[PDB]
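First up is the structure itself, then whatever we jot down about it.
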Amino acid sequence: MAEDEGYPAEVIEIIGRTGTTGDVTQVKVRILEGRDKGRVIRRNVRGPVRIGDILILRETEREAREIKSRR
Amino acid sequence: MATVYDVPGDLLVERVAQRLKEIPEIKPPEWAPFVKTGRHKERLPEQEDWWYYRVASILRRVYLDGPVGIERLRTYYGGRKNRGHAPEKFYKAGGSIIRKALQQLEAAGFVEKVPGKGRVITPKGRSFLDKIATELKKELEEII
Amino acid sequence: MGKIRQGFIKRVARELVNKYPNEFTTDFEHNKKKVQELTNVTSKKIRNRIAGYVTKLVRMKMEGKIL
Amino acid sequence: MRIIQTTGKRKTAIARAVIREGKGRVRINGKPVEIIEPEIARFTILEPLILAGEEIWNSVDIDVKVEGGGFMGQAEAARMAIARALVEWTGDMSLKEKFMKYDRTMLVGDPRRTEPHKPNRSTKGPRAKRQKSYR
Amino acid sequence: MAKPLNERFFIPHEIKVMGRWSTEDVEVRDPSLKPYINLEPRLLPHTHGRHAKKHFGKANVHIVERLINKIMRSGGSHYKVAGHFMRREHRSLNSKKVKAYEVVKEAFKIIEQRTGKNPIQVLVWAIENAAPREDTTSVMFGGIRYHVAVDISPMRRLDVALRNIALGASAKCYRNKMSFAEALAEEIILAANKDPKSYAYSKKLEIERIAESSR
Amino acid sequence: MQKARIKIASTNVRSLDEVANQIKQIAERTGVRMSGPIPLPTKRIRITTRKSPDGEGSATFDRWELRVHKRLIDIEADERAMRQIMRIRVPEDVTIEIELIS
Amino acid sequence: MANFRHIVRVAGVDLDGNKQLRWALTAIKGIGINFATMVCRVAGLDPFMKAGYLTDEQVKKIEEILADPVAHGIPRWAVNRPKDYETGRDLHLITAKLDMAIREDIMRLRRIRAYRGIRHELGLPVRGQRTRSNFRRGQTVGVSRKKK
RNA sequence: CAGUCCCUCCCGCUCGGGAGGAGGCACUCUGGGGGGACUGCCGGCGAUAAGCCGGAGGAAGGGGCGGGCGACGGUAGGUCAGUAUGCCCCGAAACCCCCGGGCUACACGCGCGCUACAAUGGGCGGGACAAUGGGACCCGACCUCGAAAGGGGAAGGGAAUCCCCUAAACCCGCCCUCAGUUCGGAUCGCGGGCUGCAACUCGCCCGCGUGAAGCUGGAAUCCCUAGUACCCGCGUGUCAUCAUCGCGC
């Protein structure tokens with residue numbers, strides 16, 4: 001294919017879980033790609049993911065979030 | 001420098017079978033492939049190869065074991081006969097091909113019946129197999 | 001799923017270090033031998049737990065707060 | 001010469017394996033390795049042998065008897081026992097650690113093996129309940 | 001056949017997969033897939049691996065062993081033996097990974113016959129492509145129902161990829177000349193192309209496309 | 001002398017061990033030459049059973065176990081010599097079989 | 001080869017295929033898969049070769065063999081019906097004999113007033129057991145013998 | 001043919017491969033007893049406690065793992081048709097003996113299973129592999145007759161020492177070449193064996209001939225979380241015989 005542009009981002013921290021399914025887990029990301037660099041986003045990721053993994057972000061401009069929490 | 005041990009059966013069996021034709025003391029009797037077959041057959045094959053392979057493996061079996069039965073050679077084969085929707089169950093070959101096969105060899109002088117009550121190889125039977133194994137085993141190395 | 005050490009296992013070790021502190025160590029094996037001599041061995045598996053908790057209880061005693 | 005007698009066991013295929021100096025014998029249950037009809041599981045045994053290298057292989061006679069009901073399972077038992085035989089032979093850390101890195105089925109067995117068939121509620125298979133539709 | 005096979009024994013030893021396919025021939029260029037795949041390790045897929053032991057012990061599964069297992073899947077009550085015997089071992093193993101392995105091997109042979117490239121380089125390529133990047137899960141959280149954008153993790157991507165490739169094979173594989181070894185083999189090529197003939201790649205696009213709308 | 005085989009089999013673990021150990025110890029010092037007590041099996045008998053007379057519900061089903069464990073002794077001695085050793089108390093429920101051959 | 005044709009006539013004017021010889025005889029009633037090969041041995045032909053690779057000559061042999069299998073050979077349990085209606089030693093069955101022989105023995109049974117004879121008429125398995133809720137959902141066994 | 005001075009056979013390119021018996025208890029194993037695993041150590045979170053994650057060493061780990069183990073009670077749950085037992089009823093009968101029939105009837109409807117819709121295939125042939133167990137009017141070596149089912153003759157075994165016994169899936173080479181068929185095995189004709197006084201009703205198995213529906217299944221719905229599931233065969237109870245069952249490997 002054409003790229004689009006692939007924005008590679010790695011996951012800085014795994015905040016907690018979202019979905020009534022549960023199926024997204026919400027994770028905080030940092031970017032490492034040619035354009036922006038450094039931008040912190042809270043993306044909704046699915047499936048087994050650990051800390052320090054790599055995600056290709058299809059759309060830079062995103063960041064839906066919902067928050068709480070552990071006592 | 002070889003033994004039936006040494007030699008992958010697939011090659012051995014065709015070789016021992018051809019030697020059986022050659023020598024030519026063992027032979028197909030007519031009645032046996034006709035319809036006096038082992039268990040059930042989808043088609044019944046009209047081959048010299050059929051009869052000879054059957055005998056080829058009795059020579060290998062008689063070497064490996066000591067007393068080896070008719071009953072033992074019959075069961076050993078693997079193969080199953082239909083019982084319907086009730087699942088298949090194991091059953092065993094013909095007694096017919098075996099008793100005559102053991103007997104055609106006996107006259108050949110290749111097998112003998114021990115006084116023990118059993119069956120064991122002669123020097124002549126054992127000899128025929130290792131020579132063939134040496135030929136086969138020698139051929140195996142040459143070929144890539 | 002979960003782990004929590006029974007209560008019976010906790011009671012024996014706690015009494016044992018109180019009676020004989022200075023005959024207990026930071027070695028698992030040394031405490032286990034002592035524990036065997038001290039109290040009845042219903043079984044081998046419980047003997048090990050008692051000994052283990054004793055190892056910890058000594059480490060804690062150093063600190064100056066031992067619950 | 002020397003006799004060293006080692007075992008491998010994977011899933012209760014049990015390998016009674018001897019290494020002695022010799023010439024390159026590979027024996028399984030009395031017969032050359034060659035007899036085995038499967039290619040695939042032969043390539044499992046060959047893996048510790050190549051990893052040490054062929055030099056050692058040629059210099060020593062390994063006879064095994066692998067008394068396990070699996071055809072894969074024999075390949076399995078023979079591979080663990082060869083890896084251990086090779087490491088006792090030369091005695092170096094080099095060959096042991098090289099093996100641990102590549103896979104741990106070469107020098108560890110399994111911590112378990114099998115589970116019984118549970119009683120059940122009049123249905124086959126150890127983790128199974130009789131089908132329902134009673135709603 | 002037997003001598004070639006012996007040669008097939010000489011060559012894997014040296015070290016190749018299935019007797020004649022160098023693992024070094026391929027590399028994972030993309031860094032994402034690199035720990036996610038088992039292209040770097042060894043020779044026989046029969047491994048008994050016991051993966052799924054830990055968190056991600058399923059990632060140290062040889063790519064081909066995942067394929068044989070995923071490939072095995074379909075199988076109900078029924079019995080198989082050499083006899084009159086089954087099907088019970090399926091279109092897709094109503095059975096044995098042991099047998100299951102053969103297809104993968106014949107499929108490997110067939111794909112090599114056409115393309116003439118190292119068929120792990122084709123299958124590895126196809127798994128990278130077949131995995132959809134984006135998915136929509138009907139995810140409602142907090143009770144509010146969204147049909148949202150979800151980014152696929154890499155383990156999840158491989159898993160979708162292999163399952164989808166296998167799934168498609170069976171469909172055509174249905175009472176038709178493709179032989180799953182053939183059907184798979186033809187699928188592995190096209191899945192590799194992103195071609196219009198790959199039931200696996202059709203869902204790959206469509207799942208992302210619907211997902212793109214829904215996000 | 002006559003070589004005599006004492007075969008001793010028992011339902012429980014406890015009883016068979018006491019007898020074997022004592023037979024060897026009494027036998028050890030005298031005219032006797034004795035081969036060390038040898039364990040032969042538990043043929044472990046399963047009897048697999050349904051609990052519930054109902055047959056109904058879930059059933060929780062019984063795995064039974066009867067273990068009978070066999071120890072085999074050779075002794076070289078006279079017949080008179082055998083009775084002396086045989087004197088022992090023996091655990092209720094310990095089968096002792098004797099073979100006598102030259 | 002032995003002279004192609006895609007249709008040859010064997011066992012009367014009933015047609016012979018290009019499927020395989022053994023299999024084309026199986027279609028012809030009263031000559032089943034296994035019986036075909038027995039006749040093939042006697043006749044001297046290759047069993048595995050395509051049907052229709054037969055001169056006119058080959059065809060004559062198979063027919064005389066069919067008429068009295070028993071004269072040529074053919075064991076007295078391997079032959080189609082042996083001990084026929086209590087006073088025939090052995091006979092052959094083909095399309096016209098086979099139809100007739102089963103239909104006669106059934107006809108006999110209606111008249112004798114057997115359970116057996118009436119059980120078929122009603123449409124029922126005699127010694128199959130159940131009729132209880134087999135042939136479910138308006139289905140039928142179809143009893144004897146053909147709906148293709 | 002662990003290791004072997006010996007020994008008998010076969011084979012040989014004389015280098016060397018394999019089997020028997022001496023011999024030898026190494027090994028596999030049997031069953032009896034002992035160690036080892038406890039957050040003990042190390043780091044992070046947490047009240048420095050309790051616990052949770054993570055890491056090293058290690059054969060194994062943080063309920064290691066799999067069973068037995070199920071309170072007080074309820075559904076007036078289930079069994080007086082296994083036994084025990086209150087009450088009531090029956091007394092040439094609601095008893096008792098007997099033969100035969102009935103439980104195995106069917107236009108249908110459902111539950112629970114088995115086999116199955118073929119090339120990831122059949123036939124044919126060869127060759128490598130197991131375990132739980134069961135075995136005295138019982139398992140039956142082996143030999144012989146029979147196509148087989150089975151029969152005749154007969155060794156050993158009341159058992160780590162014999163027998164059922166062959167594992168099946170597996171693979172290789174060959175024939176075959178995607179049809180309602182060489183699928184699938186219903187149905188029916190005939191021949192025959194076996195137990196029992198006897199298998200029409202109403203037994204299984206062999207052989208020939210016949211050769212059905214079915215070519216991937218709506219709504220709806222069930223199981224299960226790893227050496228399990230999926231998948232393959234093997235034994236056992238009961239027991240002559242009906243197993244597509246139940247228990248177990």
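Residue numbering restarts at 1 for every chain of the structure tokens, chains are lettered A, B, ... in their displayed order, and ligands are numbered from 1 as they appear.
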Contacts of segment 34-40 of chain H at 12 Å (only C-alpha atoms (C1' of nucleotides); same-chain gap of 2+ positions) as a PDB file with C-alpha atoms (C1' of nucleotides), in the first residue's frame:
```pdb
ATOM      1  CA  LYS C   3      -3.511 -16.612  48.623  1.00  0.00           C
ATOM      2  CA  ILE C   4      -3.858 -15.959  52.336  1.00  0.00           C
ATOM      3  CA  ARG C   5      -1.963 -18.026  55.043  1.00  0.00           C
ATOM      4  CA  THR C  25      17.431 -17.418  62.938  1.00  0.00           C
ATOM      5  CA  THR C  26      17.256 -15.821  59.445  1.00  0.00           C
ATOM      6  CA  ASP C  27      17.757 -19.259  57.924  1.00  0.00           C
ATOM      7  CA  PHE C  28      14.619 -21.091  56.794  1.00  0.00           C
ATOM      8  CA  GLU C  29      16.156 -24.542  57.526  1.00  0.00           C
ATOM      9  CA  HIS C  30      17.364 -23.724  61.054  1.00  0.00           C
ATOM     10  CA  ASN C  31      13.868 -22.515  62.114  1.00  0.00           C
ATOM     11  CA  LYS C  32      12.253 -25.598  60.452  1.00  0.00           C
ATOM     12  CA  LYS C  44       5.415 -31.860  56.685  1.00  0.00           C
ATOM     13  CA  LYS C  45       3.655 -29.023  54.725  1.00  0.00           C
ATOM     14  CA  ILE C  46       2.537 -27.077  57.759  1.00  0.00           C
ATOM     15  CA  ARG C  47       6.012 -27.533  59.350  1.00  0.00           C
ATOM     16  CA  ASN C  48       7.553 -25.460  56.490  1.00  0.00           C
ATOM     17  CA  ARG C  49       4.964 -22.622  56.775  1.00  0.00           C
ATOM     18  CA  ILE C  50       5.554 -22.209  60.446  1.00  0.00           C
ATOM     19  CA  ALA C  51       9.256 -22.074  59.866  1.00  0.00           C
ATOM     20  CA  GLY C  52       8.823 -19.519  57.070  1.00  0.00           C
ATOM     21  CA  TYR C  53       6.692 -17.130  58.991  1.00  0.00           C
ATOM     22  CA  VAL C  54       9.209 -17.363  61.818  1.00  0.00           C
ATOM     23  CA  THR C  55      11.966 -16.172  59.316  1.00  0.00           C
ATOM     24  CA  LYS C  56       9.875 -13.139  58.479  1.00  0.00           C
ATOM     25  CA  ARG C  59      13.236  -9.692  60.050  1.00  0.00           C
TER      26      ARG C  59
ATOM     27  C1'   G H  32       8.055 -48.455  51.064  1.00  0.00           C
ATOM     28  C1'   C H  42      15.444  -9.343  45.883  1.00  0.00           C
ATOM     29  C1'   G H  51      -1.748  -8.709  50.420  1.00  0.00           C
ATOM     30  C1'   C H  52      -0.742  -7.841  44.996  1.00  0.00           C
ATOM     31  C1'   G H  58      15.824 -23.951  40.293  1.00  0.00           C
ATOM     32  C1'   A H  59      13.048 -29.895  38.284  1.00  0.00           C
ATOM     33  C1'   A H  60       8.934 -27.230  39.941  1.00  0.00           C
ATOM     34  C1'   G H  61       6.393 -21.713  42.635  1.00  0.00           C
ATOM     35  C1'   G H  62       3.501 -17.331  45.300  1.00  0.00           C
ATOM     36  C1'   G H  64       2.360 -25.298  41.894  1.00  0.00           C
TER      37        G H  64
END
```
So that each row is one residue of chain H with an atom at most 12 Å from chain F, can you give its shortest atom pair and the distance in Å to one decimal, using only C-alpha atoms (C1' of nucleotides), rows by chain and rising number, as CSV?
```
residue,atom,partner,partner_atom,distance
H:29,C1',F:40,CA,11.1
H:30,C1',F:40,CA,6.1
H:31,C1',F:39,CA,6.0
H:32,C1',F:17,CA,7.8
H:33,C1',F:17,CA,10.9
H:67,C1',F:63,CA,9.7
H:68,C1',F:63,CA,9.2
H:77,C1',F:57,CA,10.7
H:78,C1',F:54,CA,7.0
H:79,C1',F:54,CA,6.7
H:82,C1',F:53,CA,8.7
H:132,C1',F:46,CA,9.9
H:133,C1',F:45,CA,8.5
H:134,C1',F:45,CA,10.0
H:159,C1',F:43,CA,9.8
H:160,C1',F:40,CA,6.2
H:161,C1',F:40,CA,11.0
H:236,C1',F:48,CA,8.9
H:237,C1',F:48,CA,7.8
H:238,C1',F:49,CA,11.5
H:246,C1',F:50,CA,8.8
H:247,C1',F:48,CA,5.7
H:248,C1',F:48,CA,7.7
```
Identify, on the basis of only C-alpha atoms (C1' of nucleotides), every residue whose closest approach to residue 5 of chain F does not exceed 7 Å; exclude the query and any residue fewer than 4 positions from it along the same chain; express the result as JSON, numbers by chain. {"F": [73, 74, 75, 98, 99, 100]}
Select, as number ranges by chain, those residues of chain D with any atom no more than 10 Å from chain E (distances computed using only C-alpha atoms). D: 34, 37-51, 53-54, 71-73, 76, 102-105, 110
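For segment 27-134 of chain D, a DSSP pass over the backbone yields strand (DSSP E) at residues 27, 28, 31, 32, 60, 61, 62, 63, 64, 65, 66 and 67 of chain D.
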Within 12 Å of residue 29 of chain F, counting only C-alpha atoms (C1' of nucleotides), which residues qualify if same-chain residues fewer than 6 places away don't, as a ChimeraX atom specification? /F:23,77,81,85
Write the residues of the preceding selection, restricted to N, CA and C atoms, as a PDB file, in the first residue's frame.
```pdb
ATOM      1  N   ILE F  23      10.286 -60.866  59.467  1.00  0.00           N
ATOM      2  CA  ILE F  23      10.695 -62.113  58.871  1.00  0.00           C
ATOM      3  C   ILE F  23      12.129 -62.159  58.503  1.00  0.00           C
ATOM      4  N   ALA F  77      16.506 -73.300  53.835  1.00  0.00           N
ATOM      5  CA  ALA F  77      16.470 -73.759  55.192  1.00  0.00           C
ATOM      6  C   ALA F  77      15.827 -75.128  55.245  1.00  0.00           C
ATOM      7  N   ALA F  81      13.063 -75.328  60.271  1.00  0.00           N
ATOM      8  CA  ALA F  81      13.576 -73.978  60.331  1.00  0.00           C
ATOM      9  C   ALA F  81      12.478 -72.960  59.951  1.00  0.00           C
ATOM     10  N   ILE F  85      10.508 -69.318  62.302  1.00  0.00           N
ATOM     11  CA  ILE F  85      10.411 -68.001  61.792  1.00  0.00           C
ATOM     12  C   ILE F  85       8.987 -67.568  61.675  1.00  0.00           C
TER      13      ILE F  85
END
```
Chain A residues near chain E within 7 Å, closest pair each, using only C-alpha atoms, as CSV:
```
residue,atom,partner,partner_atom,distance
A:18,CA,E:141,CA,6.0
A:19,CA,E:141,CA,4.2
A:20,CA,E:141,CA,4.7
A:21,CA,E:139,CA,6.3
A:44,CA,E:150,CA,5.9
A:45,CA,E:151,CA,5.1
A:46,CA,E:152,CA,5.6
A:47,CA,E:153,CA,5.7
A:48,CA,E:153,CA,6.7
A:49,CA,E:153,CA,6.6
A:54,CA,E:32,CA,6.1
A:55,CA,E:153,CA,6.9
```
If you run DSSP on this backbone, which residues of chain C come out as helix (DSSP H, G or I), and could you give them as a CSV table (one decimal) with N, CA and C atoms, in the first residue's frame?
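result.csv, written as the output of this step:
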```csv
chain,number,residue,atom,x,y,z
C,7,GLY,N,-4.9,-19.0,59.9
C,7,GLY,CA,-4.8,-18.3,61.1
C,7,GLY,C,-4.0,-19.2,62.0
C,8,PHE,N,-4.2,-20.6,61.9
C,8,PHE,CA,-3.6,-21.6,62.8
C,8,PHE,C,-2.1,-21.5,62.6
C,9,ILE,N,-1.6,-21.4,61.4
C,9,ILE,CA,-0.3,-21.3,61.0
C,9,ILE,C,0.4,-20.1,61.6
C,10,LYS,N,-0.3,-19.0,61.6
C,10,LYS,CA,0.1,-17.7,62.3
C,10,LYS,C,0.2,-17.9,63.8
C,11,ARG,N,-0.7,-18.5,64.5
C,11,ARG,CA,-0.7,-18.6,65.9
C,11,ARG,C,0.5,-19.3,66.5
C,12,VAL,N,0.9,-20.5,65.8
C,12,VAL,CA,2.1,-21.3,66.3
C,12,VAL,C,3.3,-20.6,66.2
C,13,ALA,N,3.6,-20.0,65.0
C,13,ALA,CA,4.9,-19.3,64.9
C,13,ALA,C,5.1,-18.1,65.8
C,14,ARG,N,4.0,-17.3,66.0
C,14,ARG,CA,4.1,-16.2,66.9
C,14,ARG,C,4.4,-16.6,68.3
C,15,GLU,N,3.8,-17.7,68.9
C,15,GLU,CA,4.0,-18.1,70.2
C,15,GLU,C,5.5,-18.6,70.3
C,16,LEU,N,6.0,-19.4,69.3
C,16,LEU,CA,7.3,-19.9,69.2
C,16,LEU,C,8.4,-19.0,69.4
C,17,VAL,N,8.4,-17.8,68.5
C,17,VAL,CA,9.4,-16.8,68.7
C,17,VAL,C,9.4,-16.2,70.0
C,18,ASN,N,8.3,-15.9,70.6
C,18,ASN,CA,8.1,-15.3,72.0
C,18,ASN,C,8.7,-16.2,73.1
C,19,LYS,N,8.5,-17.5,72.9
C,19,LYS,CA,9.2,-18.3,74.0
C,19,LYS,C,10.7,-18.4,73.9
C,21,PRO,N,13.1,-16.7,71.3
C,21,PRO,CA,13.6,-15.7,70.2
C,21,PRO,C,15.0,-16.1,69.7
C,22,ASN,N,15.9,-16.4,70.6
C,22,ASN,CA,17.3,-16.3,70.4
C,22,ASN,C,17.8,-17.7,70.0
C,23,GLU,N,16.9,-18.6,69.8
C,23,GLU,CA,17.1,-19.9,69.3
C,23,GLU,C,16.3,-19.9,67.9
C,28,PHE,N,15.9,-20.3,56.8
C,28,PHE,CA,14.6,-21.1,56.8
C,28,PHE,C,14.8,-22.4,57.5
C,29,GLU,N,15.8,-23.2,57.2
C,29,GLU,CA,16.2,-24.5,57.5
C,29,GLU,C,16.4,-24.7,59.0
C,30,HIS,N,17.1,-23.8,59.6
C,30,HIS,CA,17.4,-23.7,61.1
C,30,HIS,C,16.1,-23.6,61.9
C,31,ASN,N,15.1,-22.7,61.4
C,31,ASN,CA,13.9,-22.5,62.1
C,31,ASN,C,13.0,-23.8,62.0
C,32,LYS,N,13.0,-24.4,60.8
C,32,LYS,CA,12.3,-25.6,60.5
C,32,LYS,C,12.6,-26.8,61.3
C,33,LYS,N,13.9,-27.0,61.6
C,33,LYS,CA,14.4,-27.9,62.5
C,33,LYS,C,14.0,-27.7,63.9
C,34,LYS,N,14.0,-26.4,64.3
C,34,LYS,CA,13.6,-26.1,65.6
C,34,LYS,C,12.1,-26.3,65.9
C,35,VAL,N,11.3,-25.9,64.9
C,35,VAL,CA,9.9,-26.0,64.9
C,35,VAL,C,9.4,-27.4,64.9
C,36,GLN,N,10.2,-28.3,64.3
C,36,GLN,CA,9.9,-29.7,64.3
C,36,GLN,C,10.0,-30.2,65.7
C,37,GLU,N,11.0,-29.8,66.5
C,37,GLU,CA,11.3,-30.3,67.8
C,37,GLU,C,10.3,-29.7,68.8
C,38,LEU,N,9.9,-28.4,68.6
C,38,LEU,CA,9.0,-27.7,69.5
C,38,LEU,C,7.6,-28.2,69.6
C,44,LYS,N,4.3,-32.5,57.2
C,44,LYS,CA,5.4,-31.9,56.7
C,44,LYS,C,5.1,-30.5,56.2
C,45,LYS,N,3.9,-30.3,55.5
C,45,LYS,CA,3.7,-29.0,54.7
C,45,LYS,C,3.4,-27.9,55.7
C,46,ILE,N,2.7,-28.1,56.7
C,46,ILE,CA,2.5,-27.1,57.8
C,46,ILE,C,3.8,-26.8,58.5
C,47,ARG,N,4.7,-27.8,58.7
C,47,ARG,CA,6.0,-27.5,59.3
C,47,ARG,C,6.8,-26.4,58.7
C,48,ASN,N,6.8,-26.4,57.4
C,48,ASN,CA,7.6,-25.5,56.5
C,48,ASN,C,7.0,-24.0,56.6
C,49,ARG,N,5.6,-23.9,56.7
C,49,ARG,CA,5.0,-22.6,56.8
C,49,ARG,C,5.3,-21.9,58.1
C,50,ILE,N,5.3,-22.8,59.1
C,50,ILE,CA,5.6,-22.2,60.4
C,50,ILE,C,6.9,-21.7,60.5
C,51,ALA,N,7.8,-22.4,59.9
C,51,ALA,CA,9.3,-22.1,59.9
C,51,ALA,C,9.5,-20.8,59.1
C,52,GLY,N,8.8,-20.6,58.0
C,52,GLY,CA,8.8,-19.5,57.1
C,52,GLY,C,8.4,-18.2,57.6
C,53,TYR,N,7.2,-18.3,58.3
C,53,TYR,CA,6.7,-17.1,59.0
C,53,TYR,C,7.6,-16.7,60.1
C,54,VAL,N,8.2,-17.7,60.8
C,54,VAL,CA,9.2,-17.4,61.8
C,54,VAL,C,10.4,-16.6,61.2
C,55,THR,N,10.8,-16.8,60.0
C,55,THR,CA,12.0,-16.2,59.3
C,55,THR,C,11.7,-14.7,59.1
C,56,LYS,N,10.4,-14.5,58.7
C,56,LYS,CA,9.9,-13.1,58.5
C,56,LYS,C,9.7,-12.4,59.8
C,57,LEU,N,9.2,-13.0,60.8
C,57,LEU,CA,8.9,-12.4,62.1
C,57,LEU,C,10.1,-11.8,62.8
C,58,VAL,N,11.3,-12.5,62.7
C,58,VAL,CA,12.6,-12.1,63.0
C,58,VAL,C,13.1,-10.9,62.2
C,59,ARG,N,12.8,-10.8,60.8
C,59,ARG,CA,13.2,-9.7,60.0
C,59,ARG,C,12.5,-8.4,60.5
C,60,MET,N,11.3,-8.6,60.9
C,60,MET,CA,10.3,-7.5,61.2
C,60,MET,C,10.7,-6.9,62.6
C,61,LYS,N,11.3,-7.8,63.4
C,61,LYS,CA,11.7,-7.5,64.8
C,61,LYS,C,12.8,-6.6,64.9
C,62,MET,N,13.6,-6.7,63.8
C,62,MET,CA,14.7,-5.8,63.6
C,62,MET,C,14.2,-4.3,63.5
C,63,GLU,N,13.1,-4.2,62.8
C,63,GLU,CA,12.7,-2.9,62.3
C,63,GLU,C,12.3,-2.1,63.5
```
Residue 177 of chain E surroundings by only C-alpha atoms (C1' of nucleotides), 9 Å radius, close-in-sequence under 5 positions cut, as a list in words: residues 172, 182 and 183 of chain E; 119 and 178 of chain H
Given a cut-off of 10 Å, which residues of chain H touch chain D, counting only C-alpha atoms (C1' of nucleotides), written out as a ChimeraX atom specification? /H:1-3,17-18,26-28,59-60,64-67,111-113,127-131,167,169-172,220-224,227-229,245-249
Which residues of chain G come within 6 Å of chain H, and for each one, what is the closest pair of atoms and their distance in Å to one decimal, counting only C-alpha atoms (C1' of nucleotides), sorted by chain and residue number, as a Markdown table?
```
| residue | atom | partner | partner_atom | distance |
| --- | --- | --- | --- | --- |
| G:30 | CA | H:209 | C1' | 5.7 |
| G:78 | CA | H:208 | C1' | 4.9 |
| G:79 | CA | H:208 | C1' | 5.6 |
| G:80 | CA | H:209 | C1' | 4.9 |
| G:81 | CA | H:190 | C1' | 5.2 |
| G:102 | CA | H:189 | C1' | 5.4 |
| G:129 | CA | H:104 | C1' | 5.8 |
| G:132 | CA | H:106 | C1' | 5.4 |
| G:141 | CA | H:212 | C1' | 5.8 |
| G:143 | CA | H:187 | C1' | 5.1 |
| G:144 | CA | H:187 | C1' | 5.7 |
```
Resulting file, chosen residues, N, CA and C atoms, as a PDB file, in the first residue's frame:
```pdb
ATOM      1  N   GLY G  30     -27.271 -56.821 -10.087  1.00  0.00           N
ATOM      2  CA  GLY G  30     -26.947 -58.137  -9.788  1.00  0.00           C
ATOM      3  C   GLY G  30     -25.493 -58.420  -9.900  1.00  0.00           C
ATOM      4  N   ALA G  78     -19.660 -67.038  -2.712  1.00  0.00           N
ATOM      5  CA  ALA G  78     -19.261 -65.806  -3.412  1.00  0.00           C
ATOM      6  C   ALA G  78     -20.200 -65.565  -4.534  1.00  0.00           C
ATOM      7  N   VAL G  79     -21.097 -66.584  -4.881  1.00  0.00           N
ATOM      8  CA  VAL G  79     -22.009 -66.445  -6.003  1.00  0.00           C
ATOM      9  C   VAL G  79     -23.351 -65.800  -5.501  1.00  0.00           C
ATOM     10  N   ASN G  80     -24.158 -65.116  -6.406  1.00  0.00           N
ATOM     11  CA  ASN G  80     -25.191 -64.201  -5.992  1.00  0.00           C
ATOM     12  C   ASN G  80     -26.239 -64.733  -5.008  1.00  0.00           C
ATOM     13  N   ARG G  81     -26.983 -65.872  -5.385  1.00  0.00           N
ATOM     14  CA  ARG G  81     -27.783 -66.579  -4.426  1.00  0.00           C
ATOM     15  C   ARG G  81     -27.292 -68.001  -4.539  1.00  0.00           C
ATOM     16  N   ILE G 102     -36.727 -61.569  -5.581  1.00  0.00           N
ATOM     17  CA  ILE G 102     -37.095 -60.944  -4.280  1.00  0.00           C
ATOM     18  C   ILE G 102     -38.629 -60.722  -4.304  1.00  0.00           C
ATOM     19  N   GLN G 129     -36.045 -53.080  14.669  1.00  0.00           N
ATOM     20  CA  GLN G 129     -36.531 -52.630  15.953  1.00  0.00           C
ATOM     21  C   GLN G 129     -37.465 -51.512  15.802  1.00  0.00           C
ATOM     22  N   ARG G 132     -40.429 -45.847  15.927  1.00  0.00           N
ATOM     23  CA  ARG G 132     -41.056 -45.222  17.077  1.00  0.00           C
ATOM     24  C   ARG G 132     -41.060 -43.803  16.759  1.00  0.00           C
ATOM     25  N   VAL G 141     -37.957 -44.199   5.020  1.00  0.00           N
ATOM     26  CA  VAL G 141     -36.835 -45.068   4.529  1.00  0.00           C
ATOM     27  C   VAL G 141     -36.930 -45.227   3.004  1.00  0.00           C
ATOM     28  N   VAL G 143     -38.266 -48.052   1.892  1.00  0.00           N
ATOM     29  CA  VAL G 143     -38.033 -49.515   1.925  1.00  0.00           C
ATOM     30  C   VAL G 143     -37.171 -49.957   0.718  1.00  0.00           C
ATOM     31  N   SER G 144     -37.685 -50.820  -0.216  1.00  0.00           N
ATOM     32  CA  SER G 144     -36.855 -51.302  -1.321  1.00  0.00           C
ATOM     33  C   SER G 144     -37.238 -50.553  -2.576  1.00  0.00           C
TER      34      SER G 144
END
```
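Interatomic distance, atom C1' of residue 136 of chain H against atom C1' of residue 153 of chain H: 20.0 Å.
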Please list as a PyMOL selection string every residue within 7 Å of segment 85-88 of chain B, counting only C-alpha atoms (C1' of nucleotides) and excluding residues in the same chain fewer than 5 positions away. (chain B and resi 80) or (chain H and resi 114-115+244)
In Å, how far is it from atom CA of residue 73 of chain G to atom CA of residue 34 of chain B?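 Atom-to-atom, atom CA of residue 73 of chain G and atom CA of residue 34 of chain B are spaced 10.0 Å apart.
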